[PDB]
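Only one structure is covered here, and it is reproduced in the block below.
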Amino acid sequence: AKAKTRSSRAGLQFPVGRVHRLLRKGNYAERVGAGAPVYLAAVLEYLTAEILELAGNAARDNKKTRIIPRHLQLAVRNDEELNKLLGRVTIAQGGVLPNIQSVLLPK
Amino acid sequence: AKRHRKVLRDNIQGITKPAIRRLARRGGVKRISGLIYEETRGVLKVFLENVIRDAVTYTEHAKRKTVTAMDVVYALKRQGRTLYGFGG
Amino acid sequence: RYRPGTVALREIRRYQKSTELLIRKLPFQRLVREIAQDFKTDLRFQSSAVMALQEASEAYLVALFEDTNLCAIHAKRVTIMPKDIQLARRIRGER
Amino acid sequence: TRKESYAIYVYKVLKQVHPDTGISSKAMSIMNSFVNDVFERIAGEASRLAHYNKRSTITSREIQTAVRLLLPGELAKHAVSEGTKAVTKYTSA
Amino acid sequence: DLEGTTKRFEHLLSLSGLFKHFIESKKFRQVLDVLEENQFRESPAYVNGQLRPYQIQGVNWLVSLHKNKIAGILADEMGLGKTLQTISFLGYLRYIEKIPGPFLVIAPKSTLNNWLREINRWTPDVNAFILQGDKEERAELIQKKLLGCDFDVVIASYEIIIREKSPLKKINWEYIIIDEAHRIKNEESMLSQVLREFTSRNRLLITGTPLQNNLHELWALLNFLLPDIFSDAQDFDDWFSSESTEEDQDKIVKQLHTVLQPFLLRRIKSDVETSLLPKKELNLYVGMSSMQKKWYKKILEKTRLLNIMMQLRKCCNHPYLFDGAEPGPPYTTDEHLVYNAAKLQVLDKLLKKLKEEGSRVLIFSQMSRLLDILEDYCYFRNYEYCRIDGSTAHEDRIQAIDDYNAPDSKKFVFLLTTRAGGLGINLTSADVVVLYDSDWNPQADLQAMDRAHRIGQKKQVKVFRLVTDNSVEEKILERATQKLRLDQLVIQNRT
Ligand SMILES: Nc1ncnc2c1ncn2[C@@H]1O[C@H](COP(=O)(O)OP(=O)(O)O)[C@@H](O)[C@H]1O
Ligand SMILES: [Mg+2]
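Chains as they are written, first to last, in the working numbering: chain S, 1 to 107; chain V, 108 to 195; chain X, 196 to 290; chain A, 291 to 383; chain G, 384 to 878.
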């Protein structure tokens with residue numbers, strides 16, 4: 001019969017066969033269920049969509065039509081939840097968030 | 108009388124005073140004392156010592172002689188400063 | 196000409212906008228080779244490895260300088276000093 | 291050669307969310323690394339979670355629990371809701 | 384396009400069209416499928432001055448190549464007056480053909496002003512507008528002159544053309560010339576890459592050493608002048624039957640003798656009595672020293688001891704370079720330095736044997752650090768010396784060369800490096816040089832010994848070459864030799 005992928009019949013875009021393959025041959029457990037790849041693909045897709053939307057917002061805020069590591073840095077550090085999740089990472093070529101202490105400004 | 112290599116400069120002093128000041132400004136400071144330069148050089152040297160030690164350990168385990176960027180990423184993540192962009 | 200501090204705020208604005216590298220490339224690369232000499236003789240280094248090392252070092256030093264600046268401001272000052280940087284490192288479980 | 295990427299899937303999600311933008315190569319590599327890192331975090335937490343309960347099977351229950359343990363605040367809630375939606379749609383279809 | 388493209392084909396077939404390999408294999412096949420069915424002998428003075436007899440036919444060769452509309456490389460030897468023979472051709476276009484400008488004078492930074500000096504002395508009333516200087520004086524010079532479309536001769540250095548490309552990219556050109564063209568030998572070199580996009584009718588390349596490293600480099604020169612004709616190295620390198628050595632009976636080489644006949648013009652310094660004196664050589668073999676014998680064995684069997692092959696060349700030169708081989712502190716400059724150097728032991732005696740003869744030795748050494756050992760050894764022997772090595776500015780260089788090239792001068796040993804800048808430096812007031820260390824490229828040492836052998840040299844000049852025994856140097860010299868000998872079998876039998 002004609003074959004349709006688990007990604008399609010699950011509604012997602014991220015791959016489910018690849019996730020299942022990694023979970024199996026990743027020495028995570030002896031035997032792997034049949035809904036875990038779907039759940040993991042859904043979660044990864046959600047996180048990717050969230051950060052990408054914030055990055056696109058920043059990119060258009062700077063009048064540009066291509067997301068760059070600077071915009072990734074800016075979105076991640078301006079959203080507090082993603083900032084906590086990615087608190088310990090350092091996006092390469094991301095620069096720093098603009099900030100000058102109030103005391104340092106002139107009178 | 109200069110067959111020997113009497114002329115040479117130290118490597119840690121290659122981290123110039125204005126480079127320290129550029130880092131300081133991006134951090135967001137407004138006035139820098141005179142000893143920040145030496146202290147910063149010391150701190151940077153210690154950090155590099157640790158990271159490079161772990162990276163070299165990885166490379167010599169793998170039976171190689173080149174320290175790869177992915178090995179450096181492994182060492183850095185082990186230290187606990189995961190780095191995004193250089194693969195992995 | 197300019198009152199003191201004006202150029203300082205100007206440079207802070209300059210350098211918090213940019214994303215470039217701040218330490219020169221070849222001096223840092225030479226330092227990396229020299230400091231890696233002792234652990235094991237005859238190590239090669241590829242450019243991506245050295246670049247990752249420089250990225251990590253710059254990020255570390257920038258965060259350290261933010262912590263030092265906050266320490267200095269806490270003590271009713273605006274100049275940073277080795278006292279400030281030592282306190283900042285030792286309170287982060289490094290010293 | 292033949293190195294797996296996630297790049298095409300990231301681009302698909304991008305063209306879904308903002309269908310007029312693009313991604314530079316460095317940004318794409320950063321995003322791929324982010325996906326791999328979060329994947330390995332979730333998988334490791336699920337592995338430890340199954341090992342703690344004398345259980346020898348990764349399944350959706352501890353995938354969900356690992357998601358709830360790692361993602362903070364509203365992220366956990368939204369991700370859990372979306373995961374359950376996807377898995378129920380998959381089993382139904 | 385095709386009118387010239389076709390016309391060049393049978394013209395190649397016209398004058399000794401013995402190619403018969405790539406003229407037909409080459410998408411020009413269908414273009415030639417249509418045709419498949421089938422003078423200034425007076426030393427002319429339109430440019431001012433008289434031209435010595437053997438220089439004219441080169442110009443007419445350029446004229447004939449222009450009259451046939453094909454690019455060509457001349458291969459006049461150093462000091463033969465390529466400068467005059469170049470500008471004369473441009474005068475031909477300005478006077479006989481009445482086509483003045485535009486043209487480039489792409490040249491090394493050292494000779495930027497030199498050609499303009501020679502340009503006016505045989506052809507005044509010329510539009511020479513050299514583009515050189517800081518970021519500013521160059522910049523406004525672009526609009527008034529380069530963007531003014533009011534020039535005929537444009538002088539700009541290798542570094543300049545890679546900087547001011549955008550102006551010169553826009554400007555159409557007739558001819559483009561590059562002096563000492565061998566820098567175009569890596570076809571992926573960024574300067575060679577840029578010149579691909581320069582619009583011109585034909586190009587002129589000036590050289591004396593076309594073949595230095597391989598025969599692959601020649602095609603890169605050929606890929607520049609006539610990209611359509613050659614357009615490939617597989618038909619040039621491999622088709623030539625592995626440098627025509629293991630599968631030749633002196634026949635395919637005979638083919639290439641006439642294949643690249645109408646493209647090069649190499650005239651010998653033998654046919655003119657300028658130096659009027661043949662050169663001499665020794666290949667003296669140095670018994671390797673004792674402490675070196677320790678190190679060479681130590682390096683082999685397994686401090687930065689990487690790139691083994693050159694490391695062994697350090698041991699073959701002087702063990703004192705290894706940081707520790709010499710006796711420890713305190714440091715003295717005495718005969719103990721001479722013992723631990725197999726070459727210097729031999730070199731020391733010969734340095735004495737020429738002192739009484741009034742000779743002045745011109746040491747050419749690799750690894751400028753090696754000079755420092757010789758410098759202090761020179762200091763030990765109380766010898767008159769001056770140094771001109773890398774990292775010494777030209778004003779320091781010229782005063783240094785004056786000390787050597789002074790009337791009733793007294794300097795005995797004058798240190799250099801195997802490269803030592805451009806050909807321009809004049810060392811004809813000397814009689815002996817020493818190639819203390821050999822080089823991979825024999826041409827890289829060919830012109831270095833031509834530093835002494837240049838024009839005006841009356842007395843015989845003696846050239847040495849120290850060779851370590853049963854070591855790495857043994858294989859390098861034959862590697863240079865066969866690469867050197869490759870030149871004769873390829874070039875040194877046309878003219
Ligand atoms: N017919 C001639 N009469 C007088 N002098 C000449 C003649 N031809 C060449 N010369 C001189 O010989 C010198 C040779 O220089 P040349 O080898 O062309 O320099 P480069 O090697 O930089 O091209 C020139 O400076 C020129 O002045
Ligand atoms: Mg010349």
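Using N, Cα and C, we set each Cβ at its ideal position, and we do this for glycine too.
Interface criterion met: the Cβ of S:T48 is under 8 Å from a Cβ in chain A.
Annotation: A:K344 is outside any beta strand (DSSP E) and is labelled neither H nor E by DSSP.
For S:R88, the closest Cβ of chain V is nearer than 8 Å. In the DSSP assignment, G:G455 falls within the unbroken beta strand (DSSP E) covering 455-457.
The set of residues whose C-beta lies within less than 5 Å of a heavy atom of ligand 1 reads, in chain order, G:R435, G:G462, G:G464, G:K465, G:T466, G:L467.
X:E215 counts as exposed, since fewer than 16 other C-beta atoms from the protein chains shown sit within 10 angstroms of its C-beta.
The C-beta of G:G484 has 16 or more other C-beta atoms within 10 Å across all chains shown, which makes the residue buried. The three-state secondary structure of G:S812, taken from DSSP, is coil.
Within the chosen limit of 7 Å, ligand 2 reaches the beta carbon of G:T494 through at least one heavy atom. The beta carbon of G:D459 sits no closer than 7 Å to any heavy atom of ligand 2. Out of G:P661, G:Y762, G:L689, the CA that lies nearest to the CA of G:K845 is found in G:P661. When C-beta distances to chain G are compared with 9 Å, the residues of the segment 230-241 of chain X below that value are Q232, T236, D237, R239, in chain order. Between G:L499 and G:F486, the CB-CB gap reaches or exceeds 8 Å. Using a cutoff of 7 Å, the CB of G:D562 counts as near ligand 2, since one of the ligand's heavy atoms is closer than that. Per DSSP, the beta-bridge partners of G:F486 are G:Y558. Comparing alpha carbon positions, the residue from V:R185, V:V163, V:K152, V:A169 closest to X:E253 is V:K152.
Comparing alpha carbon positions, the residue from G:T851, G:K842, G:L810 closest to G:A831 is G:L810. Within chain S, the residues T90, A92 have their CB atoms less than 7 Å from the CB of V:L190, given in chain order. In the DSSP secondary-structure assignment, V:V174 is bridged to X:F240.
Contact annotation: the segment 163-176 of chain V touches the segment 226-237 of chain X, with at least three C-beta pairs closer than 8 Å. In the DSSP assignment, G:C698 falls within the unbroken alpha helix (DSSP H) covering 691-700. Of all alpha-carbon atoms in A:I348, A:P362, A:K293, the one lying nearest the alpha-carbon of S:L23 is that of A:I348.
When C-beta distances to chain V are compared with 9 Å, the residues of the segment 674-705 of chain G below that value are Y703, in chain order. An exposed status is given to G:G670, since fewer than 16 other beta-carbon atoms sit within 10 Å of its beta-carbon. Within chain X, the residues whose beta carbon sits less than 9 Å from that of V:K152 are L226, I230, listed in sequence order.
The beta-bridge partner set that DSSP reports for G:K845 consists of G:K663, G:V815.
Using a 10 angstroms sphere on the CB of A:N322, the tally of other CB atoms reaches 16 or more, which defines it as buried. Between the alpha carbons of X:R196 and S:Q101 lies a distance of about 25 Å. In this structure G:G839 is exposed. Its beta-carbon is surrounded by fewer than 16 other beta-carbon atoms within 10 angstroms. The CB of V:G187 comes closer than 8 Å to the CB of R88 in chain S, given here in chain order.
For A:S314, no chain V residue has a Cβ inside 8 Å of its Cβ, as the nearest lies near 11 Å away. By the 16-neighbour rule on beta-carbons within 10 angstroms, S:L12 is buried.
Membership of G:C761 in the alpha helix (DSSP H) is indicated by the continuous run 752-763. The residue among G:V488, G:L578, G:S493, G:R504 with its C-alpha nearest the C-alpha of G:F512 is G:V488. Listed along chain A is no residue with a C-beta nearer than 8 Å to that of V:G121; the closest approach is about 27 Å. Residues are counted here when their Cβ sits less than 9 Å from a Cβ of chain X; for the segment 152-184 of chain V these are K152, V153, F154, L155, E156, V158, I159, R160, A162, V163, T164, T166, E167, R171, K172, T173, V174, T175, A176, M177, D178, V179, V180, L183, given in chain order.
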